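Peer 1:
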Amino acid sequence: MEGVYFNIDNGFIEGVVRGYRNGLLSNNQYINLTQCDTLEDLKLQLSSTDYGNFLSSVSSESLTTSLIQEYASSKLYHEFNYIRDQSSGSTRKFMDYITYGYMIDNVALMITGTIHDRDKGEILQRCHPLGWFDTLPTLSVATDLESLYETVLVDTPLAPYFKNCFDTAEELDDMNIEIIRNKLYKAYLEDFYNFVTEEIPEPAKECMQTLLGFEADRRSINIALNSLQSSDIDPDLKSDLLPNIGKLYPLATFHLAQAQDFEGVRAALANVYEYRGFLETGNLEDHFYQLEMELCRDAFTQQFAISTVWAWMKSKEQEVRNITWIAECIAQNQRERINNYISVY
Amino acid sequence: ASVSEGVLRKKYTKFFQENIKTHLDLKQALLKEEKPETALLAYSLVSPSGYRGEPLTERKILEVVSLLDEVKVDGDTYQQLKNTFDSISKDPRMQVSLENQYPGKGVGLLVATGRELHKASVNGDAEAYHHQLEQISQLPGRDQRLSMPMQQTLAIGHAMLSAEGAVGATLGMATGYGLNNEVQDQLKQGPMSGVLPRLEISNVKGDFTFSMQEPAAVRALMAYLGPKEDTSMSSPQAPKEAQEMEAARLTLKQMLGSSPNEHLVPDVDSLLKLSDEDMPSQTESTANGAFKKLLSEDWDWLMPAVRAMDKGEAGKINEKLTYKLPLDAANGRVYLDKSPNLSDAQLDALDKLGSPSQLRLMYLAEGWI
Amino acid sequence: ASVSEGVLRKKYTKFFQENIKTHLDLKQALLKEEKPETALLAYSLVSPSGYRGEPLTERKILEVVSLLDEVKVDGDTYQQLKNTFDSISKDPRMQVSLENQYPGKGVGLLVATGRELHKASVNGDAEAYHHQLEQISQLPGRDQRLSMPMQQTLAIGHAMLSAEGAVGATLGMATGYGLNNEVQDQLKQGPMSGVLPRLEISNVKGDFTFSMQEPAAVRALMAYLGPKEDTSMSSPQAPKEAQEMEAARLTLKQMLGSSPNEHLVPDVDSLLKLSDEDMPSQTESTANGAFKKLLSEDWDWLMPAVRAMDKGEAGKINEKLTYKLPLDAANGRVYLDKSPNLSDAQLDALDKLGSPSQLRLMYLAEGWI
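Encoded structure:
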């Protein structure tokens, strides 16, 4: 069974990630964060959690929402780098595959900032330090997508993902880069799905398959809801952006590819059972965040599985997003919508 | 724009709470308000058959067809249907249509299995032909009061005959019931057909009463609405009995969408040919082969082709129906397309029909064209 | 800019609806309008051969070459071709060209298979040499009325000889038909050649008529347009019969693009050498080796090199044709480039030819240079 040969390499990693998991904030702790008046009260209230002595040795007057999200993200990133250093074999590969999806976002961000003639150092910060890949600041030269690819991208692990991206052969603007990036992330999700299907053991295999299914479905609905802006897009030129994985591909990405208005997307999602609860109500992004957190919560019930790393990563990112939203509502005196955090624990 | 049903059995649950088991002494319980003349109209569905020849006189579905006979808001469209039925029930021509659909009112295992796999596949196609036909009468220009429940009745009737085909093919293959009542209880879930009047028949052979939510009385009503009017029976030369049963006949034939020029004689028989003088006139014969092409190339092409034809745009059918599907080849995804290859000869014949009548499309879904 | 064909058999379908099987009594049916003198011109394609020596006189492709003889808009370019043909059909020099392409009008299994795999590969190359040659006459400065259907005929003729090579190699290897008619029916799909006049021949040996959509009559027409004019036959010293058949000869040789200085004698024989005085003069001999390099170094280099030479830019050929392809090496993708390594000696010889004549490129595609 699954508990037999797992611990030999991954028992220490699994125990440490469960110990990280036990420090996730519950509902009462978020309510205590909501009841803070100033920002120093928020610092003192966060000090009595797993975070504590993280804003020690900063200041009492240089405390800012941006500084709090920087340090709360850096703690996450150092913990992930520790767990990635303590692994080998298939787990090391799996965590590198977690890193590549942020590498794609850094590629798109650096190219987009290079188009608008911004500084190298401005784009080098706010550029998500986990997806680094050493030859990243060299993407600020030589605007043409080929003269990026034949020079620096072939030696990166993102090299097998540009097999579709060489159709247009001109200088780039803001819509071409997004078409490129969507093709990247499509090929990426299908590479990582076929990785999980063949090497990861079974109770982690099914959990990672359903989590990747939700990632593909969320990005399919986002591309279908963003592609009906002011352009003309062939359904043949749009169905190369929706991934061939998920519970809405065998036939429901077809009606997303052939859709003109918002009602076409509503009628496309009307037959998939988990969906069509989303478009007839308010903030459409919070439904994806809530369903992702419920799936990640369901991933913590399997014990001998390395789906725990992915589930804890996404849960801790949602936790940082919640603390940033609460800190914004405290610092700007906008307490009307402070209870819109997403807490499942 | 013409029909809106419901399934709320808790809004008017006082009519179904107590154990009302008598057709008599129910009109006082059906009043329930300060309205009297319009509460009798909803009672008129079961009242001529409320005493003569029935078992137990209140079956549990005979109240929901009488409770949801919603005449509370509108009392005009159902009254027009009630002025037309029982005015249609006077000629023998309706009665001889209600006697053709009725009686008087080893290697042998491979053969008997194939006779019932043919039964499960013909009725599985013809059920699907009414599902894409209840969204043609959803288009603007049609109507839904007579068109919807007439063909919702038939799609339930083909779902039961298709179920009896492969339940019988299973119990013959595994040998050489309770499954037919499990599927009969299943097809009564969800929606339910709109209420049409009762169509009572009184003649010298007795006093009969049919139901119009039976698939065999629907199938004989549309055979009556088929043929065109003649030189007699509508002229003022014969004021005898004709103009109240002929103008009632034409006001239903127009209510489907069929003009009185349209003939539409059925086809099914045990003979070789039909006749000589009632043949289709080669403009609709070329057009009926175009509709049969649209039924049997795709499951979704009949509705956007009728929608393209009501706008007078029936020459752009080859381009408004083309879409592309992927194909794994030896060189990758290729994204080829599927188009209805209507020839120019039968693309012209769809123009001379201005709009397909709903009666023509329902003979097509039954295999009568 | 010079040719635009179609395939609409439904626009003028009245000429092909009835079973018209007579060449006589067809000119009255071909009128069909208030135009008489221009409807006889489209009938002139089949009229001198409409009675003498033919089977059944109306084959099903002989009407579509006469229906789509579109003289309705323009009546000048086809008339100029009709004034030139049958004026070219007077000298024996055209007739002796139409007799060279015609007759009178174990280990032995490895050898016979290799004789027919050679046949399938020579005709598969030469068919590709006319596909990139019907997009050279698409460039500005050329013409398409005489150039396109002359070499669309040859590319169909090489596709059938290439099919007979490996169908015969299959049936000899699997032994030691209906497949040749399946590929003959397949190559008549899609587009079709433009209409050229009929080229009737009348002499003492009889009255013959060829077709010009046959690959053997095309192959003898370009052998006639090859050699230059002489001191005789165009001077006013000989007004006998020459100036109507020599100026008709030069107006087709110019219509390909060949100036009357250009000689272009063919090569194919059973001998060692050709002659002494008609040899190419070492400026085009160096240039013909450069074109053969462009045919056999890539499938796409002959068209952008002629396009670069009409602009007078035939020294930048080494740089305007270079492109890069990837290569999996032991160090990764490397993206090396492929360039036509034209030497400076044969890059100069492409300058002294101002523009390649279309007649020169069609001898090259047949292996006659």
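Residue numbers (my numbering), protein chains in the order written: chain D, 106 to 450; chain E, 9 to 377; chain S, 9 to 377.
By construction, the Cβ of each residue, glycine as well, lies at the ideal position given by its N, Cα and C atoms.
E/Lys332 touches chain D at which residues, Cβ-Cβ below 8 Å?
Peer 2: In the second sequence, residue 332 of chain E corresponds to position 324, counting from 1. Within chain D, the residues near E/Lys332 are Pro340, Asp341.
Peer 1: Taking a cut of 7 Å between CB atoms, which residues from the stretch 254-277 of chain D lie near chain S?
Peer 2: Cβ contacts with chain S: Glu255, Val259, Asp260.
Peer 1: To the nearest whole angstrom, what separates the beta carbons of E/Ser52 and E/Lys90, a pair I think is in contact under 8 Å?
Peer 2: Taking the second sequence and counting its residues from 1, the one referred to as residue 52 of chain E is at position 44. Taking the second sequence and counting its residues from 1, the one referred to as residue 90 of chain E is at position 82. Indeed, because the Cβ distance is near 7 Å, the residues count as touching under 8 Å.
Peer 1: Out of D/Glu441, D/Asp272, D/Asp391, which one is the CA nearest neighbour of D/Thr139?
Peer 2: Residue numbering aside, residue 139 of chain D sits at position 34 when the first sequence is read from its first letter. The candidate whose alpha carbon is nearest that of D/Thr139 is D/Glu441.
Peer 1: So D/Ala432 and D/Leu241 are supposed to be a Cβ contact under 8 Å. How far apart are they, rounded?
Peer 2: Reading the first sequence from its first residue, position 327 is the one you call residue 432 of chain D. Reading the first sequence from its first residue, position 136 is the one you call residue 241 of chain D. That belief does not hold up - the Cβ atoms of D/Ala432 and D/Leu241 are roughly 29 Å apart, past 8 Å.
Peer 1: Just checking my contact of S/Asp345 with S/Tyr331 at CB under 8 Å: how many whole Å lie between their CB atoms?
Peer 2: On the third sequence, position 337 is the one that residue 345 of chain S refers to. On the third sequence, position 323 is the one that residue 331 of chain S refers to. Sure, about 6 Å apart at Cβ, within 8 Å.
Peer 1: Of all the CB atoms in chain E, is at least one closer than 9 Å to the CB of D/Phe359?
Peer 2: The residue given as residue 359 of chain D occupies position 254 in the first sequence. D/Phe359 counts as touching chain E.
Peer 1: Where does the unbroken beta strand (DSSP E) through S/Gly362 begin, and where does it stop?
Peer 2: The residue given as residue 362 of chain S occupies position 354 in the third sequence. No beta strand (DSSP E) contains S/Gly362, which DSSP labels as neither H nor E.
Peer 1: Whole angstroms is fine: what's the gap from residue 7 of chain E's alpha carbon to D/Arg371's?
Peer 2: Limits of chain E in this structure are 9 at one end and 377 at the other, which puts residue 7 of chain E out of reach.
Peer 1: So, does the stretch 400-410 of chain D touch the stretch 107-116 of chain D, judging by three or more C-beta pairs under 8 Å?
Peer 2: The stretch 400-410 of chain D is in contact with the stretch 107-116 of chain D.
Peer 1: For D/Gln363, which residues in chain E fall below 7 Å Cβ to Cβ?
Peer 2: Locating residue 363 of chain D in the first sequence gives position 258, where the first residue counts as 1. Chain E residues near D/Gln363: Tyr331.
Peer 1: Count the other CB atoms, across all protein chains shown, that sit within 10 Å of the CB of D/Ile188; report buried if there are 16 or more and exposed otherwise.
Peer 2: Counting from one through the first sequence, the residue named residue 188 of chain D turns up at place 83. Buried: at least 16 other Cβ atoms inside 10 Å.
Peer 1: Under 8 Å Cβ to Cβ from S/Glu254, same chain only, skipping five residues before and after it: list those, please.
Peer 2: Position 246 of the third sequence, counting from 1, holds the residue named residue 254 of chain S. Hits under 8 Å: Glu237, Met241, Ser242.
Peer 1: 9 Å is my cut-off, CB to CB: does D/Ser344 come that close to chain E?
Peer 2: Taking the first residue of the first sequence as position 1, residue 344 of chain D is located at position 239. Chain E, which has a Cβ nearer than 9 Å to the Cβ of D/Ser344, makes this yes.
Peer 1: Tell me whether residue 93 of chain D is buried or exposed, calling it buried when 16 or more other Cβ atoms sit within 10 Å of its Cβ.
Peer 2: Outside the modelled stretch of chain D, which goes from 106 to 450, sits residue 93 of chain D, for which no answer is possible.
Peer 1: Give the single residue among S/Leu229, S/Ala246, S/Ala313 whose Cα lies nearest to the Cα of S/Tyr110.
Peer 2: Here residue 110 of chain S refers to the residue found at position 102 of the third sequence. Of the listed residues, the one whose Cα sits closest to S/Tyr110 is S/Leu229.
Peer 1: I need the boundaries of the beta strand (DSSP E) containing S/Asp215, first residue and last residue.
Peer 2: Translated into positions along the third sequence, residue 215 of chain S becomes position 207. From DSSP, the beta strand (DSSP E) with S/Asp215 extends over 214-217.
Peer 1: Give the C-beta separation of D/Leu263 and D/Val212 to the nearest angstrom, bearing in mind that I take them to be a contact with Cβ-Cβ under 8 Å.
Peer 2: To locate residue 263 of chain D, count along the first sequence from 1; it is residue 158. To locate residue 212 of chain D, count along the first sequence from 1; it is residue 107. Right, the Cβ-Cβ distance comes to about 7 Å (below 8 Å), so this counts as a contact.
Peer 1: Over the uninterrupted beta strand (DSSP E) stretch that includes S/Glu208, give me the two end residues.
Peer 2: Taking the third sequence and counting its residues from 1, one reaches residue 208 of chain S at position 200. Here the beta strand (DSSP E) through S/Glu208 covers 208-211.
Peer 1: For D/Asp155, name the three-state secondary structure that DSSP assigns.
Peer 2: On the first sequence, residue 155 of chain D is found 50 positions in, with the first residue counted as 1. Looking at D/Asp155 - three-state DSSP - the assignment turns out to be coil, as it is neither helix nor strand.
Peer 1: Can S/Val15 and S/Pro268 be called in contact, C-beta distance under 9 Å?
Peer 2: For the purposes of this step, residue 15 of chain S is identified with residue 7 of the third sequence, where counting begins at 1. For the purposes of this step, residue 268 of chain S is identified with residue 260 of the third sequence, where counting begins at 1. Going by C-beta atoms, S/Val15 is not nearer than 9 Å to S/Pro268.
Peer 1: Give the straight-line distance between the Cα atoms of E/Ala174 and E/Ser129, rounded to the nearest whole angstrom.
Peer 2: One-based indexing of the second sequence puts residue 174 of chain E at position 166. One-based indexing of the second sequence puts residue 129 of chain E at position 121. In a straight line, the C-alpha of E/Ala174 is about 9 Å away from that of E/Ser129.
Peer 1: Buried or exposed: which applies to S/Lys261, given that a residue is buried once 16 or more other Cβ atoms fall within 10 Å of its Cβ?
Peer 2: Residue numbering aside, residue 261 of chain S sits at position 253 when the third sequence is read from its first letter. So S/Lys261 counts as buried.
Peer 1: In the DSSP assignment, find the unbroken beta strand (DSSP E) run with S/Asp336 in it and report its ends.
Peer 2: Counting from one through the third sequence, the residue named residue 336 of chain S turns up at place 328. Per DSSP, S/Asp336 belongs to no beta strand (DSSP E) and is neither H nor E.
Peer 1: Who are the near neighbours of E/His139 in its chain, counting only those whose CB is closer than 8 Å to its CB and skipping five residues on each side?
Peer 2: One-based indexing of the second sequence puts residue 139 of chain E at position 131. Answer for E/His139: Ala163, listed in chain order.
Peer 1: Do we get a CB-CB distance below 9 Å when we pair S/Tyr232 with the residues of chain D?
Peer 2: What you label residue 232 of chain S is simply residue 224 of the third sequence in a count that begins at 1. Judged by the 9 Å Cβ criterion, S/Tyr232 is not in contact with chain D.
Peer 1: On the three-pair Cβ rule with 8 Å, is the stretch 319-336 of chain E touching the stretch 270-282 of chain E?
Peer 2: As far as the Cβ criterion goes, the stretch 319-336 of chain E does not touch the stretch 270-282 of chain E, which means the pair count is below three.
Peer 1: Compute the distance between the beta-carbons of S/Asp151 and S/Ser10, then report whether it is under 9 Å.
Peer 2: The count along the third sequence starts at 1 and reaches residue 151 of chain S at position 143. The count along the third sequence starts at 1 and reaches residue 10 of chain S at position 2. Going by C-beta atoms, S/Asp151 is nearer than 9 Å to S/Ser10.
Peer 1: Helix, strand or coil for D/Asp201 per DSSP?
Peer 2: Taking the first residue of the first sequence as position 1, residue 201 of chain D is located at position 96. DSSP places D/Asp201 in helix when its eight states are reduced to three.
Peer 1: What are the residues that DSSP puts in a beta bridge with S/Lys346?
Peer 2: To locate residue 346 of chain S, count along the third sequence from 1; it is residue 338. DSSP, once it has assigned bridges, lists S/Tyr331 as partnering S/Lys346.
Peer 1: Can you give me the C-alpha to C-alpha distance between S/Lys22 and S/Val212, rounded to a whole angstrom?
Peer 2: Taking the third sequence and counting its residues from 1, one reaches residue 22 of chain S at position 14. Taking the third sequence and counting its residues from 1, one reaches residue 212 of chain S at position 204. C-alpha separation (whole angstroms): 41 Å.
Peer 1: Between the stretch 339-365 of chain E and chain D, which residues of the former have CB atoms less than 7 Å from a CB of the latter, in chain order?
Peer 2: Here the close residues are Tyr343.
Peer 1: For residue 59 of chain D, which residues from the same chain have a beta carbon less than 8 Å from its beta carbon, with the 5 sequence-adjacent residues on both sides left out?
Peer 2: Past the edges of chain D, shown from 106 to 450, lies residue 59 of chain D, and the structure says nothing about it.
Peer 1: Need the endpoints of the alpha helix (DSSP H) that residue 6 of chain E sits in, please.
Peer 2: No statement about residue 6 of chain E is possible, as the shown extent of chain E runs from 9 to 377 and does not include it.
Peer 1: Answer with buried or exposed for D/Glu320, where buried requires no fewer than 16 other C-beta atoms within 10 angstroms of its C-beta.
Peer 2: By one-based count along the first sequence, residue 320 of chain D stands at place 215. Buried, since its Cβ has 16 or more Cβ neighbours within 10 Å.
Peer 1: If contacts are defined as beta-carbon pairs under 8 Å, then D/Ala364 and D/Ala329 qualify, I think. What distance do you get, rounded to the angstrom?
Peer 2: Start at 1 with the first residue of the first sequence, and residue 364 of chain D comes out as number 259. Start at 1 with the first residue of the first sequence, and residue 329 of chain D comes out as number 224. The Cβ separation is near 6 Å, so the contact holds.
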